[PDB]
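Notes to accompany the following structure.
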Amino acid sequence: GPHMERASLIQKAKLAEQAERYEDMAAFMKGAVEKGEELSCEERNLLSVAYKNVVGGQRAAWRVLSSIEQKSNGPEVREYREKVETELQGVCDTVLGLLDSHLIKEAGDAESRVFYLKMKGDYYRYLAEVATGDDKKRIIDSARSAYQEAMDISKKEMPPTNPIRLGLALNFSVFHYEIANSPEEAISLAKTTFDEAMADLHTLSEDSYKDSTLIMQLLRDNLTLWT
Amino acid sequence: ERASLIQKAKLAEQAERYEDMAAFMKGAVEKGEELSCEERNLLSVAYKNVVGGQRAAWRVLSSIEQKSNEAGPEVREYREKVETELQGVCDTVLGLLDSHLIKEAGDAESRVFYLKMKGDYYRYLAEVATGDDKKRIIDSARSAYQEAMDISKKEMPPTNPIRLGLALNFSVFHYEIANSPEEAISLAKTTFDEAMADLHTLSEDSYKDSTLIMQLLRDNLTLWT
Amino acid sequence: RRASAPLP
Amino acid sequence: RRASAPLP
């Protein structure tokens with residue numbers, strides 16, 4: 001039944017991860033989520049790994065094509081870039097559909113809520129990277145809302161060294177800089193996040209310390225690049 | 001148009017979208033014109049990347065499946081799905097080679113190229129095949145490789161990279177597929193020795209390609225002996 | 001290129 | 001792992 005089917009899909013997603021077949025992994029994880037049970041921390045990570053690898057591959061390809069198209073200014077680049085764009089949009093719409101119909105909930109843990117809301121902001125941000133007109137404006141607003149709701153929860157419920165909180169503040173600052181064209185907000189957010197995490201690092205254990213410091217190095221690299 | 005499909009395959013290569021690259025190259029081949037040396041290489045790169053991906057995934061799964069015995073059904077089912085996708089890609093390449101490329105090949109170099117490709121994709125099928133089907137596949141790979149060897153020994157110098165790469169793959173076939181380690185070692189030694197005797201006469205254009213294959217033949221011999 | 005949050 | 005011919 002549903003419980004047996006779900007267990008199989010999770011095992012298959014773990015096999016697909018080992019085999020580095022991320023589109024398969026994503027499909028198994030989508031099916032597992034559609035069984036209706038809450039995802040465990042391990043399962044959330046399987047879902048995130050699966051789709052981030054799929055969309056990451058598409059985004060990298062789109063950037064290559066978009067760069068050739070921008071430099072060459074025939075029809076082939078535009079047509080092919082459009083095909084890649086459509087595939088990317090479909091993956092983002094799938095993730096967003098899963099988040100809205102199954103994963104985004106009022107209950108329970110602030111960790112899982114911030115996790116899903118950040119994921120919502122991320123996939124709307126990926127859509128914004130390739131969007132153009134009034135659609136782009138709607139997408140930018142949706143990413144901003146998801147990130148802000150996640151920021152409000154993380155500031156109230158998580159310590160400033162928490163990697164979900166750090167990762168969220170990093171992505172939202174990427175959003176401000178790259179998408180919303182607010183470099184000042186991006187720099188300010190990245191500095192604040194880094195400073196607040198820096199003040200608390202001594203309270204961490206060797207395990208937690210390595211997690212937090214990794215994301216702080218990323219914040220710092222982005223500030224070097226943006227200032 | 002053919003020119004558009006080739007441009008798109010070159011774009012797919014830059015974007016590292018090898019399944020797209022393979023699809024564009026398949027369409028280009030189906031236009032009916034002979035492939036140039038650059039186009040042969042685009043076709044080869046496209047499908048070797050797709051199948052290489054699948055083979056590595058299959059090896060991962062097959063390894064888990066074996067360790068599991070001491071199971072469950074998921075590994076077998078998933079390994080079978082990967083296997084079916086791999087079989088479809090090999091059947092696509094082999095279909096293109098038989099219906100468009102081997103027949104229409106002008107030069108001896110392009111014919112050896114296509115016949116080596118035929119033995120390679122039959123060899124990939126033989127890696128995952130099991131019964132009487134495996135035997136038929138082994139015979140078909142042996143036959144493609146042998147026809148290519150006969151042409152390459154008569155038409156190409158022993159230092160030619162297509163000839164060297166062919167001898168390398170056929171020796172892999174003998175060792176791994178045909179379970180003839182002696183034929184594999186003998187073929188690899190002979191190929192290496194014949195190339196070594198002509199080493200000083202190697203074309204500057206082939207320096208990097210030939211010396212690489214020579215290093216691989218030597219690595220395989222170290223491993224097999 | 002700018003960094004975004006790494007995989008969990 | 002044994003080597004097979006690299007990409008042209």
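Sequence lines set the chain letters: A, B, ... in the order given, protein chains first and strands last, and positions in each chain run from 1. In what follows, every heavy atom counts, from backbone to side chain, and hydrogens, waters and symmetry copies are set aside.
Taking NZ of A/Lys83 as the start and CG of B/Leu11 as the end, the distance is 12.5 Å to the nearest 0.5 Å.
In the displayed structure, A/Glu37 atom CD is contacted under 6.0 Å by more than 12 heavy atoms of other residues, nucleotides or ligands. Taking a 6.0 Å sphere around CD of B/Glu16, one finds it holds 12 or fewer heavy atoms contributed by other residues, nucleotides or ligands. The environment of B/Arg59 atom CZ is dense: over 12 non-hydrogen atoms of other residues, nucleotides or ligands sit within 6.0 angstrom. Around atom OH of A/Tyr209, no more than 12 heavy atoms belonging to other residues, nucleotides or ligands sit under 6.0 Å away. For A/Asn181, the CG atom is loosely surrounded, since the number of other residues' heavy atoms within 6.0 Å does not exceed 12. Counting non-hydrogen atoms of other residues, nucleotides and ligands closer than 6.0 Å to CD of A/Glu38 gives a total of 12 or fewer.
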Can you list the steps and then say if A/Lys12 with B/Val75 is a side-chain contact (heavy atoms from CB on, under 4.5 Å)? CA-CA 7 Å; A/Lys12 277 172 175 190; B/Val75 212; over 6 Å; no
Step-by-step side-chain contact (heavy atoms from CB on, under 4.5 Å) determination, B/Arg17 to A/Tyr80: CA-CA 11 Å; B/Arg17 308 254 301 168; A/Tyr80 187 46; 3.2 Å; yes
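Between chain B and the options A/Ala61, A/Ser67, A/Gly74, the largest number of non-hydrogen pairs under 4.5 Å is found for A/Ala61.
With a 4.5 angstrom heavy-atom cutoff, B/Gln14 touches chain A via backbone and side-chain atoms both. For chain A, the nearby part of B/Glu85 is the side chain; its heavy atoms alone come within less than 4.5 Å. Using a 4.5 Å cut-off between heavy atoms, A/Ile68 touches chain B through its side chain atoms alone.
Residues A/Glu76 and B/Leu5 have side chains not in contact (no heavy-atom distance under 4.5 Å, counting atoms from C-beta outward).
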